[PDB]
């Protein structure tokens, strides 16, 4: 059994053949096509060249599990408005799709197959997330389960002041860009410069970690997960992870109200997390998990 596993994003399309244990057997990618018709022909070319038992996909936007339709909006607009169950029917394979942040959450089941209740917070330009409840994805009435970036941790005012706005890597970058006066920054450089003495980076980091810690304690007391995994590029840096944990410890010690602290850990995967999670989504929906 091989699963044709597909990650569609603005940054490119990946196609990989995975085993049911989650081993990548081969991996290829192209630049995002200009039109649906060029993507379907690429996908036809990849699918045609092994005997696949299933097609699993990580996509941006909100999937309707009943129709195969991806709603909402994303960086790849031509993927929306039709049934992928129909678009791929001719392979006569079971097809499942799932939203990318949910995929990242499910990839943790491969790494930690004993997880029952878990939250995953994917930190990028904004903040997306996922919930697992008794070993399964929790999607919610309107597929909005685990949209932790919508959480307002300040009173809305001129701006919504949702978590994505206050606590994301993109918004830490946007803040150092505004005060440094130039745009040659990313999260990883902010870290090097703070380590080198750079005061404004030190402070960008402290605000970031403190806003994350406030929002992570909310998640802990609202859904009470066994663990919260942090994903996205920045969670791949152990200095970020240690800084967030210390920031959480500091809230807990300061407010007598707090008893339990969340268990926090970096996501296991990142670069291929959507492949692994789209795989694990396929296996669960087909009940081979």
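Residue numbers count along the first chain shown, from 1.
Taking the mean C-alpha B-factor of each stretch as recorded, 109 to 117 and 213 to 221 are not equal, and the higher mean is that of 109 to 117. Mean CA B-factor, 269 to 277 versus 16 to 24: the higher value falls on 16 to 24.
Listed residues 260, 241, 70, 56 were ranked by CA B-factor as deposited; 260 comes out on top. Of the candidates 163, 82, 78, 175, the deposited coordinates give 175 the top C-alpha B factor. Looking at the C-alpha B-factors along this chain, the one for residue 236 belongs to the middle third.
The entry lists a Cα temperature factor for residue 150 that places it in the middle third of the chain's modelled residues.
In the deposited entry, the Cα temperature factor of residue 288 places it in the highest third of its chain's modelled residues. When the CA B factors of the chain's modelled residues are split into thirds, the value for residue 142 lands in the highest one. The entry lists a Cα temperature factor for residue 34 that places it in the middle third of the chain's modelled residues.
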